[PDB]
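>>> This one's experimental. Sequence and coordinates below.
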Amino acid sequence: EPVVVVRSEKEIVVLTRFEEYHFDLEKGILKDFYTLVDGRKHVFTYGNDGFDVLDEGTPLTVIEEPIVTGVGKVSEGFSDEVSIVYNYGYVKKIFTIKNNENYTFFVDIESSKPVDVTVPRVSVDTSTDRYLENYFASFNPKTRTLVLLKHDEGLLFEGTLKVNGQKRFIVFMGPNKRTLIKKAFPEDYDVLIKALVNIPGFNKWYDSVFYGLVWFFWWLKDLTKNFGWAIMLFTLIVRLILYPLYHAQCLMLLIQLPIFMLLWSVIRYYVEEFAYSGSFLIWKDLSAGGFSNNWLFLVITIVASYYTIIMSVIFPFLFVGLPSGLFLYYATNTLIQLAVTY
């Protein structure tokens, strides 16, 4: 739970849990970007994308070694934010990366003369690029990476950032996740989404169906309890809706697999702050890695037989290999069964 700074001979690397940034030593460019959320995924490489500071066809080299500063001084990287300051001598550029697990960083730029700053494109063609009102969007369907750069030039944006005086730019660079876009741009989220939804491959059978699932979950996640105690309430609306099937009850096992397959891929899924910057609930992290939650749920499957043994062997292999979300789902299933008959 710190931002680790690794420095090599060709580059400076800033590593957070889900974000991996490589910055150069010469032009002040982001060389490469990897999202580490599921595996190490290479979602960006420099074409000339890297926030080069241009005096109009003329790239600039720094006049001194970059300075690293930040919040907290752990002798292994920082604690809250990290700043890599680059000095080109009439242009100063500062990259600030705060540990929000939002995939979001800040390029703070100060110039005495109008200069051009190149902008990162993750896309393949310009069909997945947009120059929307007060934002530049670039999306790669393959890696599902969204670049949102708030340039505040809106409708006048020419393809490179013009910088005269001081300017701050907020760059969302990471996966395309609607939960994260709102924290990044709360004020403009609504007008942004209408324009981004139109980009080829931004949705795909995920409109009023899946964010209807994270509709139920995000509307109930705040501020019904913490993250764990609000998983059980979803199990209760599945119980209210499906108990008329199970009170008048074969299908018992089948139709639960849709919701098991769906709540499992929903936990995270667009919910990676469900385990970082989020919270402990009871004894867990919540995105497991099973535990005595699902082992006392082993005994809980034994106590459903004992209530009003073999199935408790089938449980561990699945639920110690699966997140606590599913161990808490399964546990809560049988505990509203014993409360039904006794």
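Looks like it arrived, so ask away. Residues are numbered from 1 along each chain as shown.

>>> Could you count how many residues lie near the residue lying closest to residue 285 once chain neighbours are set aside?
Excluding the flanking residues, the one nearest residue 285 by C-beta to C-beta, 6 or more residues apart in numbering is residue 275, at 5.3 Å. (Each C-beta comes from the backbone N, C-alpha and C, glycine too.) Neighbours of residue 275 under the rule other C-beta atoms under 10 Å: 22.

>>> Also residue 249?
9.

>>> ok, now which ones touch it?
Residue 249 makes contact with no residue, according to C-beta atoms under 8 Å, 6 or more residues apart in numbering.

>>> in the protein, which spans are strands?
Secondary structure of the chain (DSSP state E): strands at 4-7, 11-15, 19-24, 30-35, 41-45, 53-54, 67-70, 81-87, 91-98, 104-117, 129-130, 136-140, 145-150, 161-175.

>>> And the second one, what does it pack against?
Other helices and strands packing on strand 11-15, by 3 or more C-beta pairs under 8 Å, 6 or more residues apart in numbering; DSSP states H and E, are strand 4-7, strand 19-24, strand 81-87.

>>> Pairing partners for that strand, with directions?
If you go by DSSP bridges, strand 11-15 pairs up with strand 4-7 (antiparallel), strand 19-24 (antiparallel).

>>> Not counting its neighbours along the chain, what's nearest residue 92?
Using C-beta to C-beta, 6+ apart, the closest residue to residue 92 is residue 110 (4.5 Å).

>>> picking that back up, what separation is there between the residue nearest to residue 285 and residue 281?
Distance, residue 275 to residue 281, using C-beta to C-beta, to the nearest Å: 11 Å.

>>> Residue 62: neighbouring residues, count only.
20.

>>> Hmm, I typed the wrong one, I wanted residue 172.
24.

>>> how near is the residue nearest to it when sequence neighbours are not counted to residue 132?
Computed as C-beta to C-beta, 6+ apart, the closest residue to residue 172 that is not its neighbour in sequence is residue 148, at 4.0 Å. Distance, residue 148 to residue 132, by C-beta to C-beta: 9 Å.

>>> of these two, who's got more company?
residue 148 (25 against 19).

>>> I figured that one hits residue 135, correct?
Yes: under the criterion of C-beta atoms under 8 Å, residue 148 makes contact with residue 135 at 5.9 Å.

>>> need the contact list for the residue nearest to residue 285.
Here residue 275 is in contact with 268, 285-287 (C-beta under 8 Å, 6+ apart).

>>> same thing but at 7 Å, please
When contacts are counted by C-beta atoms under 7 Å, 6 or more residues apart in numbering, residue 275 touches 285-287.

>>> By neighbours, which of these wins?
residue 286 leads those on contacts (other C-beta under 10 Å) with 25 neighbours.

>>> Just give the closest residue to that one, not the sequence neighbours.
That would be residue 324: by C-beta to C-beta, 6+ apart, it lies 5.2 Å from residue 286.

>>> Report the separation between the spatially closest residue to residue 167 that is not a sequence neighbour and residue 103.
Counting by C-beta to C-beta, 6+ apart, residue 109 is the residue found nearest to residue 167 once chain neighbours are left out, at 5.3 Å. Applying C-beta to C-beta, the value for residue 109 to residue 103 is 20 Å.

>>> go on, residue 126?
23 Å.

>>> Which one's more surrounded, those two?
Between residue 126 and residue 103, residue 103 has the larger neighbour count (other C-beta under 10 Å), namely 25 against 10.
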